[PDB]
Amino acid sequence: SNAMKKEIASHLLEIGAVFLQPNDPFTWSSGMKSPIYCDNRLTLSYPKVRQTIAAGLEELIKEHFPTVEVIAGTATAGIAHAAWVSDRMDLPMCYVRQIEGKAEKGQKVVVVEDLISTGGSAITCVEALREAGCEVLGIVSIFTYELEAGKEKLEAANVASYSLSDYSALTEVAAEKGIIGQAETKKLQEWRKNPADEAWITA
């Protein structure tokens, strides 16, 4: 499965959907400094890459949530991916902003997200599905930053989450290719453990 995480991570680097600048930090909209930037909306503009991703998400759904009956996407980024997955699996689709498209009582649903950072969008979306009477099998996403605050929320909501690729696999990949060195690898590992703390900047 790590082969897949590494392949997908390579694809995100290749198209500019993920970047790594531990020595020249980004500043998210939150105001927080970060060594990573991820814009998975770019995957939409690359036909071969988005089809690989959909194939990837279909595979995760079959191994972890085989009984799925309906696919739900998160407005707005993940709607397109939910569409491609639903099509490859020949399943009904719906989306959450309320809940558009049929999502009837007791149906087994899988949520498709493009990114998990804090987990707020995923949880919000899962809540609505449960509130409408759906059994949410879990979530699949393209990528996750593996932040501890994200894991904690997913646990509090009792939601299983799997991602095509993640921060550690991207990190290992970037180092294999020489995009980053040993020093930059340590700044990256420490940012993940304490993202609120600006120590990592000079680790």
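So that there is no doubt, residue numbering starts at 1 and follows the sequence shown.
Colleague: Could you tell me how many residues of the deposited sequence sit unmodelled between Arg97 and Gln98 (none, 1 to 3, 4 to 9, 10 or more)?
Modeller: The entry has a long gap there, with 10 or more residues left out between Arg97 and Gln98.
Colleague: Mean Cα B factor from the PDB record: higher for 23 to 31, or higher for 163 to 171?
Modeller: Comparing 23 to 31 with 163 to 171, the higher average CA B-factor belongs to 23 to 31.
Colleague: Check the entry's C-alpha temperature factors for 100 to 108 and 116 to 124, then say which stretch has the higher mean.
Modeller: According to the entry, 100 to 108 carries the higher average C-alpha B-factor.
Colleague: Check the PDB entry and point out which of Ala149, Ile142, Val49, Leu60 has the largest C-alpha temperature factor.
Modeller: Of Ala149, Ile142, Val49, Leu60, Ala149 has the highest C-alpha B-factor.
Colleague: Could you look up the Cα B-factor of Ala9 in the entry and say which third of the chain it sits in: lowest, middle or highest?
Modeller: Bottom third by C-alpha B-factor.
Colleague: Classify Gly73 as lowest, middle or highest third according to the C-alpha B-factor given in the PDB entry, relative to its own chain.
Modeller: It belongs to the lowest third of the chain when residues are ordered by C-alpha B-factor.
Colleague: Name the third of the chain's ranked CA B-factors that contains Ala183, choosing lowest, middle or highest.
Modeller: As the PDB entry reports it, the C-alpha B-factor of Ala183 lands in the highest third of its chain.
Colleague: Within this chain's modelled residues, let me know which third the CA B factor of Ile53 belongs to: lowest, middle or highest.
Modeller: Ranked within chain, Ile53 CA B lands in the lowest tercile.
Colleague: Once the chain's modelled residues are ordered by C-alpha B factor and cut into thirds, is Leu137 in the lowest, middle or highest one?
Modeller: As the PDB entry reports it, the C-alpha B-factor of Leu137 lands in the middle third of its chain.
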